[PDB]
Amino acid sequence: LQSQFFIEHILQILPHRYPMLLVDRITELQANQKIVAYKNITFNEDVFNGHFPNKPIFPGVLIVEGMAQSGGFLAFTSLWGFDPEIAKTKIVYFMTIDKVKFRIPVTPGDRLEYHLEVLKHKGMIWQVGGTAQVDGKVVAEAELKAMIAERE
């Protein structure tokens, strides 16, 4: 298992597609332990047409979504390594989300960095927690539990 993955690799693992694939690159990854990835934030995103007119703010719920997708990548690869064929038959689902706190608004030009740690894992059930950071500062925190389920 490598520690750096690019969008081409992410596309082979996550089922999310435009406009809900919110992870552009993975900078570090340790199986069963953690992942660090990020998503570039640019004004050229449809979401900003409505959030908000003349005041582009990246939706906090999307930051959370981005952290979850990062965790899902971590969970899957921790169990099957980089296996596109098996990834195509699995799907990660949100079970719970807790202790979410938004500290600083994310805006175009920002590099939204995800830092997720594995708090507990048993089979298909994974509990991760961490933060979203921009230039070293914590812009958000969250905890969530997800399940790796059958796509069919």
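From 1 onward, residues are counted along the sequence shown. Rigid core here is just the name for the largest C-alpha set that superposes within 1.5 Å across the two forms.
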property: Stretch departing more from the displayed form, 98 to 106 or 120 to 128, Cα RMS in 8 other deposited structures of this protein (core fit); result: 120 to 128
property: Greater Cα displacement in 8 other deposited structures of this protein once the core is superposed, comparing 26 to 34 with 88 to 96; result: 88 to 96
property: Stretch with the greater mean C-alpha B-factor as recorded in the entry, comparing 44 to 52 against 79 to 87; result: 79 to 87
property: Stretch with the higher entry mean CA B-factor, where the candidates are 55 to 63 and 89 to 97; result: 89 to 97
property: CA B-factor ranking of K137, expressed as a third of its chain; result: highest
property: Chain thirds of CA B-factor: placement of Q33; result: middle
property: Ranked C-alpha temperature factor of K39 among modelled chain residues, by third; result: lowest
property: For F102, the third of its chain into which the C-alpha B factor falls; result: middle
property: Third of the chain, ranked by Cα B-factor, where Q127 sits; result: highest
